[PDB]
Amino acid sequence: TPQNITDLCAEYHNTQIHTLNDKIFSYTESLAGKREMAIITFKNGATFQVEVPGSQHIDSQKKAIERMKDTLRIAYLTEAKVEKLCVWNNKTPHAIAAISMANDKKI
Amino acid sequence: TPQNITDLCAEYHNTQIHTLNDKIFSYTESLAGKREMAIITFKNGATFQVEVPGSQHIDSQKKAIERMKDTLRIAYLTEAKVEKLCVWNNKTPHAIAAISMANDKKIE
Amino acid sequence: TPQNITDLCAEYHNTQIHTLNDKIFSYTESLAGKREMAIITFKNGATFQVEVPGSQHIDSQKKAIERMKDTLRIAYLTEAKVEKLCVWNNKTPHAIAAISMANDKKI
Amino acid sequence: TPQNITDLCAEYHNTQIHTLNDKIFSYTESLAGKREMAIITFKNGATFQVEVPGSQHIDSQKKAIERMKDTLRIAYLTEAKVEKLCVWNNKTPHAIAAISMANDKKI
Amino acid sequence: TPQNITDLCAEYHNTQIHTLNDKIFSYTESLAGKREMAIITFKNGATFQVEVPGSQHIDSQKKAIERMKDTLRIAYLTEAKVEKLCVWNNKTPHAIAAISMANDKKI
Ligand SMILES: OC[C@H]1O[C@@H](O)[C@H](O)[C@@H](O)[C@H]1O
Ligand SMILES: OC[C@H]1O[C@@H](O)[C@H](O)[C@@H](O)[C@H]1O
Ligand SMILES: OC[C@H]1O[C@@H](O)[C@H](O)[C@@H](O)[C@H]1O
Ligand SMILES: OC[C@H]1O[C@@H](O)[C@H](O)[C@@H](O)[C@H]1O
Ligand SMILES: OC[C@H]1O[C@@H](O)[C@H](O)[C@@H](O)[C@H]1O
Ligand SMILES: [Cl-]
Ligand SMILES: [Cl-]
Ligand SMILES: [Cl-]
Ligand SMILES: [Cl-]
Ligand SMILES: [Cl-]
């Protein structure tokens, strides 16, 4: 089992780490058919999505996808500082796989 | 896959964007039979709903409909600034498809 | 489709609007068998319930009942001002059908 | 239908009211097998549980039990004043059946 | 039935108590297939996980695992002081079984 987001990311193909050390700039969610997703951006312009659930996901991910959208909403609303995101880069926008938050970390 | 609410809205018929850049003024929710819905207004009278679930909605939307109602309630309570709404304009009040929030975006 | 709580209320038999313009004074919830319900009161003495789910409710209402209890709890804990309640008056206490909140509204 | 926690409590065998008028001192929760429960204590030492779900619970209580655990967590974190608890006194620690909160009530 | 996290811990093999009396330093969560988990750390370098649901877990634990992840996220965001963690020591990082929070306690 990995002990941090960097080592978790390294277990998967087509993933990279983005280091943000920043709060989320915008949050978007949709209930439109076939676009039931969230999108977040950072102030520089970096954009990310939580993918629409689909056949690329296994059953255990269904709940985790819903959790990630809860997490991003509350993070946005509390202006919580996001440390890193693990993403799949074979999607546009990049698709969120994991998130870390560590407000007090010296950078 | 769209990158923002405006491009998202352009994928659908009978939709438009409202640019609000303002907090929600009132939040109403109902459990009454056949009116299981939410209604929000902004200070000068602009009014929106989250539709009662029905045969126009597919199963993948059911969770997202419940999520939107949660988002609107917490936005109302925290006085969070709503940037845009994507709505269907073939309903009255206009029916919410998507929402974006971006507090620090400089308005022009 | 109604655009406000007053118009929504007028659609049903056995309903009325209470205008409170006040925060909730007390919140009570129960997990006891056949009394899985919530009760709120206001400082003016008014008492209301969120009814136990039963045969008088249709399937589409089950989720909304749980949502109403969530909404009343967070309103209570944040001292959110409640504008109006739409209630059924053929139950004692009066059974909540809809709630509206509008902090800045002038009175 | 009862109008308050005291009258609700008196409808059940093996129950009693505790008048606390105080915030929760500690909150404990467990995911360990057969001990999927919550425990709260007050500064006077009073200790209570939200029981592990079981065959003594009817289906309508499962959701209410999960809600009660949500309510206690948020009450703990916001330091909300608990007015009264209704508890089953045939379990040790006594098992929570209902809760009431009423911050502005005189004591 | 145990009345506290220490006595709860002593009912299970391969467990131990960590006393932290400190807020969570970082929170990490993942939706990646087969790594649907959460990881928290403390200032002192100590790292803990909430395990991916699996065949080591009984059905009644599934809801409680999801609840624990909710509790840790909200604790991290509010800077709530964690008192003790009960963990399994036959996993790396140590797997969380229970958590207690008691802000006003004398150390
Ligand atoms: O688990 C979800 C992931 O599934 C992979 O197969 C896909 O390449 C990724 O882009 C992401 O969708
Ligand atoms: O997905 C929900 C939408 O479904 C469409 O068919 C309808 O025209 C819209 O008004 C909206 O109800
Ligand atoms: O939908 C809930 C309502 O159902 C009605 O039939 C009943 O008369 C009301 O008191 C209320 O229970
Ligand atoms: O519904 C839960 C309750 O069920 C009763 O039968 C039992 O005596 C109580 O202690 C409590 O467990
Ligand atoms: O219930 C979860 C636990 O199950 C045990 O059998 C295992 O040894 C622990 O490490 C933990 O996984
Ligand atoms: Cl892979
Ligand atoms: Cl793509
Ligand atoms: Cl009617
Ligand atoms: Cl009884
Ligand atoms: Cl064991």
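Reckoned from all heavy atoms, side chains included, excluding hydrogens, waters and symmetry mates. Just so it is clear: chains get the letters A, B, ... in the order the sequence lines come, proteins before strands, and each one is counted from 1.
Residue-environment remark: NZ (C:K43) stays at or below the threshold of 12 foreign heavy atoms within 6.0 Å. The number of heavy-atom neighbours closer than 6.0 Å to CG of A:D59, taken from other residues, nucleotides and ligands shown, is 12 or below. Remark: D:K63 NZ is loosely packed, at most 12 non-hydrogen atoms of other residues, nucleotides or ligands lying under 6.0 Å away.
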- Task: Evaluate side-chain contact (heavy atoms from CB on, under 4.5 Å) for A:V82 paired with A:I99, printing each intermediate quantity in order.
- Result: CA-CA 7 Å; A:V82 175; A:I99 186 174; 4.0 Å; yes

- D:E11/C:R35 under salt bridge (charged side-chain N to carboxylate O under 4.0 Å, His left out): CA gap, chis, key distance, verdict: CA-CA 10 Å; D:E11 296 186 332; C:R35 294 282 191 234; 2.9 Å; yes

- Between D:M101 and C:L77, is a side-chain contact (heavy atoms from CB on, under 4.5 Å) present by the stated rule, with each step listed? CA-CA 9 Å; D:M101 300 189 271; C:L77 293 167; 4.3 Å; yes

- Hey, mind stepping through D:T28 and E:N4 against side-chain contact (heavy atoms from CB on, under 4.5 Å) and telling me if it holds? CA-CA 7 Å; D:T28 303; E:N4 60 67; over 6 Å; no

- Message: Please evaluate residues E:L20 and E:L85 with respect to the criterion side-chain contact (heavy atoms from CB on, under 4.5 Å), reporting the C-alpha separation (whole Å), side-chain torsions for both, the decisive distance (0.1 Å), and the verdict.
- Response: CA-CA 8 Å; E:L20 307 186; E:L85 290 175; 4.0 Å; yes

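For the atom pair CG (D:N90) and CD (D:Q56), the distance works out to 9.5 Å, reported to the nearest 0.5 Å. Interatomic distance, B:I40 CD1 to B:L72 CG, rounded to the nearest 0.5 Å: 4.5 Å. Here the straight-line distance linking atom CD1 of C:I96 with atom NZ of C:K69 works out to 11.0 Å at 0.5 Å rounding. Between the CG atom in D:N103 and the OH atom in C:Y27 there is a gap of 16.0 Å [rounded to 0.5 Å]. Here the straight-line distance linking atom OG1 of C:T78 with atom NZ of C:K23 works out to 10.5 Å at 0.5 Å rounding.
Separation of the D:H18 and D:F42 ring centroids does not fall under the 6.0 Å cut-off.
Checked against side chain to side chain contact (heavy atoms under 4.5 Å, CB included), D:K105 has the following partners two or more places apart in sequence or in another chain: C:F25, D:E83, D:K84, D:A102. Scored by the side chain to side chain contact (heavy atoms under 4.5 Å, CB included) test, A:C86 finds A:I5, A:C9, A:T15, A:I17, A:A97, A:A98 as partners (sequence neighbours excluded). Looking at residues two or more places apart in sequence or on another chain, you find no ring pair (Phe, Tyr, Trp, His ring centres under 6.0 Å) involving D:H94. In this structure C:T47 satisfies the side chain to side chain contact (heavy atoms under 4.5 Å, CB included) test together with C:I39, C:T41, C:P93, D:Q3, sequence neighbours excluded. By the ring pair (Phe, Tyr, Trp, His ring centres under 6.0 Å) test, D:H57 pairs with no residue at all, sequence neighbours left out. Every residue meeting the side chain to side chain contact (heavy atoms under 4.5 Å, CB included) condition with C:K34, not counting sequence neighbours, appears here in chain and number order: D:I58.
Between D:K91 and D:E51 there is a salt bridge, with a side-chain nitrogen of the basic residue lying less than 4.0 Å from a carboxylate oxygen of the acidic one. Ion pair C:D22/C:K81 not flagged as a salt bridge, since none of the NZ, NE, NH1 or NH2 atoms sits closer than 4.0 Å to an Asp/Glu carboxylate oxygen. Ion pairing of E:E66 with A:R67 is present here, as a side-chain N (NZ or NE/NH1/NH2) and a carboxylate O approach within less than 4.0 Å. With respect to B:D70 and B:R73, a salt bridge is recorded, a charged nitrogen being found less than 4.0 Å from a carboxylate O.
Listed for the E:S30 side chain is no donor-acceptor partner under 3.5 Å among the backbone atoms of E:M37. Looking at D:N14, its side chain never comes within 3.5 Å of a backbone N or O of D:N89 through a donor-acceptor pair.
B:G54 approaches B:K62 most closely through the heavy-atom pair O-NZ, 4.4 Å. Listed here is the closest heavy atom pair of A:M68 and E:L31: CB-CD2, 3.7 Å. In plain terms, the two heavy atoms of D:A32 and E:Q61 that are nearest each other are C-NE2, 3.7 Å. When all heavy atoms of C:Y76 and C:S26 are compared, the pair lying nearest together is CE1-CA, 4.1 Å.
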